[PDB]
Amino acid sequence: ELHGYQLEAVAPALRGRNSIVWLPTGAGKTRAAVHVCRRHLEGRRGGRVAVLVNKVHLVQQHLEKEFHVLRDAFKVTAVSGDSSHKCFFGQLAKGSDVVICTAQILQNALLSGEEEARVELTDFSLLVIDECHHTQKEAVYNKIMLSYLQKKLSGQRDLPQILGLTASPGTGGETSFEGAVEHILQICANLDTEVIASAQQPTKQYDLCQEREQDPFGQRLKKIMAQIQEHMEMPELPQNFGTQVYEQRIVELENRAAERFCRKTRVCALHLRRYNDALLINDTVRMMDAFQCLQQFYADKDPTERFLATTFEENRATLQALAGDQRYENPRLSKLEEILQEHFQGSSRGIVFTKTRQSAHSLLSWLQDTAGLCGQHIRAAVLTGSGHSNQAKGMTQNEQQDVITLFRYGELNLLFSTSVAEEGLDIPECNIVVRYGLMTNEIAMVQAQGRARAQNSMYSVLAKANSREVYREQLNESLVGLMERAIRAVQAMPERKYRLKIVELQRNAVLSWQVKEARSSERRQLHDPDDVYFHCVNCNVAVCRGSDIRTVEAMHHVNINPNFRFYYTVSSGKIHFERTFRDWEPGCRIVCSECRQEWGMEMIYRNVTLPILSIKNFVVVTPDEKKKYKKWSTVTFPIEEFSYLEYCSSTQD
């Protein structure tokens, strides 16, 4: 059953050594890990395995395709975010021999204050960490492993054996041999690795496209942007319309205008960001997709707003007409059409990877409206993860699974997917991967290519000629080789030198964490919460103090002041999510009573309703400065945990 190379790769794990199994994409690391799990559980009494993954869909895949075979002798349980609300994790885990979950499910249990929810690392004898190259920086995998290292270095006994699985440790952005080796050693230190274990036809093509000869739609948007910038009456405004740098600079101006309460500048900047978004969409997909971006924004008075509405209305019909003209088609789409026409003339089974969820939806719509493809028997669908925004909702575990199951045997034969499916997904019949204008690291490149499991697969890079994306793809190909050299060098290192380096790196990691925690705490304690005032980002009115805020589940920032209700208005009916939570559900959206700016949403927490505030909708004012924050975790005053008991007691008075 197991191939020779699978047996070879797991020999250290079978002996109890912490290891990383480094085998190519599609080589069968999962089955190898199942064998380790079986022998681990057979080889002692009372063992318990946790299998950690990084994407929701991989929980069911690993269970149904691989780990379920253990149920002839052992209890195997799977948990994701979608199923979380039903059982206490600690109960479920402790009743199982093997638990399979996304890593943050385990992390939440490790951090829990509730006896029934909580688990310790010492409740497991083996941790299998899939896609273990993510065990870096402040990713969840590394939060879990840093706690392991803190416990190890303090002398804790009974920590689990570690089995990491990866095709691609990467080079961590390093382009030198010295740097790449250091990166490999860092990953080994993070995972407490004793040995990196390894073993002892697809074609790649660059499908390059040219810039559009004529782009009257884009040209008109740039003309409008210039008009809006003239209206702002400001020198030194950015001119580089239709770029990520422009986006950054205009949002930075928007944030500065919020902090200084310059309403006209802030609103103009907010609109300019939408025109820039439209230019980026126009470059990626169809003109009409870009038009719909702007039309939706203006469909959803003040002199600045009147100017901006009029400006759009004056150009709307010309823009829509241009967007219907085939003469100005996006060459990226012309190229994609050529690829699909060549390869889907039922035979093929493909994934086209795009950056954004909205792009994936737009590509499906394009496909469905393209005469030249209607006739090739293409049955396509979008696959995204559970990310969400106003631009684009996500997909639930169940929705993702439906698409995946139909794609597996060809009920669907083409997916437009985000990076949700770049790693781990196993579709043996997938024989084509197109990467549509992506800028990624070498890991994502190797992984996404690897979704084409079939013999005689093809991998297409569809990107603009002479672009940074093409340069980065070429560089990344070289970095894969560099990575391989570096891993072999680490594998060949004298044991004494390796062990000493690992020691050094683990020590550095645990010391560096302490210093970071101290710095974060110092920042958090700078101001008394009574001295911090929140202002509406839109109208600048004061609305509460820092002392009014509490956290729920260390995430949701509620205002507990009984008179805050006079400052916000309930602005919708009840919100519904797909996922249900243990102690609360959403109520309605809330907005500033003075200007209708979105602020957050109600939480119905047991028998009370509390308003949750989104940090991005405020300017935070302290005695020292006024600042727009993107994250609650960096504010300069302390916030206490919500106490439901204390809250109910104080309200009864």
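Residue indices: 1-based, along the sequence shown.
- According to the entry, the stretch of the deposited sequence that connects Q200 to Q201 contains 10 or more residues lacking coordinates, which leaves a long gap in the model.
- The modelled chain is continuous from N390 to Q391, since every residue of the deposited sequence in that stretch has coordinates.
- When the mean C-alpha temperature factors of 43-51 and 59-67 are read from the deposited coordinates, 43-51 comes out higher.
- The question of which stretch, 449-457 or 302-310, has the higher mean Cα B factor is settled in favour of 302-310.
- When the C-alpha B factors of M234, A380, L479, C188 are read from the deposited coordinates, the top value falls at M234.
- Taking the PDB entry at face value, the top CA B factor among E178, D402, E484, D548 belongs to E178.
- Remark: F74 belongs to the highest third of its chain, ranked by C-alpha B-factor as recorded.
- Residue-level temperature factors show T609 in the middle third of its chain, judged at the C-alpha atom.
- In the deposited entry, the Cα temperature factor of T135 sits in the bottom third of values across the chain's modelled residues.
- In this PDB entry, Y644 carries a Cα temperature factor that places it within the highest third of its chain's modelled residues.
- Among the modelled residues of the chain, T636 sits in the middle third by CA temperature factor in this PDB entry.
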